[PDB]
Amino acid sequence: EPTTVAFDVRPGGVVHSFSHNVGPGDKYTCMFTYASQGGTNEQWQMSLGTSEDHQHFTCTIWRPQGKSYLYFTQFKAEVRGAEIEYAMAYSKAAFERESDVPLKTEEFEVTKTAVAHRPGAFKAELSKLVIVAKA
């Protein structure tokens, strides 16, 4: 029943996935799959929001305070069975004196169901993903 859940983003280079679902029959699903290098785990948050029209929903994945130290070698946020209407990925998110810093055009790709890194162009820094979708 919580709409927001905490999860650990783990270094070590092995691929991990974390997912959360809300709504009748887990209608609204969001999954974050990644692999990273680093010294410590990072507790991130995944929030799923639902709108009045029973169709639109949002998935927001982020690291509190907007800075991540992990070297991501891959990432993919997926909303299976849904259609993305808006999405943005950030290397750094706004906090105190820092501004949001969107990933550069070449770093990622937005398909109907996913926001994913672009192999060979992604710069490895990520701290926030925002997805607005229609179930």
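One rule holds for the numbers: they count along the sequence shown, beginning at 1.
Per the PDB record, of the two stretches 66-74 and 39-47, 39-47 carries the greater mean B-factor over its C-alpha atoms. Mean CA temperature factor is higher for 17-25 when stretches 17-25 and 122-130 are set side by side in the entry.
Take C59, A87, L103, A82 and read off each C-alpha B-factor from the entry; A82 has the highest. For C30, the recorded CA B-factor ranks within the middle third of the chain. Only modelled residues enter the ranking.
In the PDB entry, a CA B factor belonging to the lowest third of its chain's modelled residues is recorded for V5.
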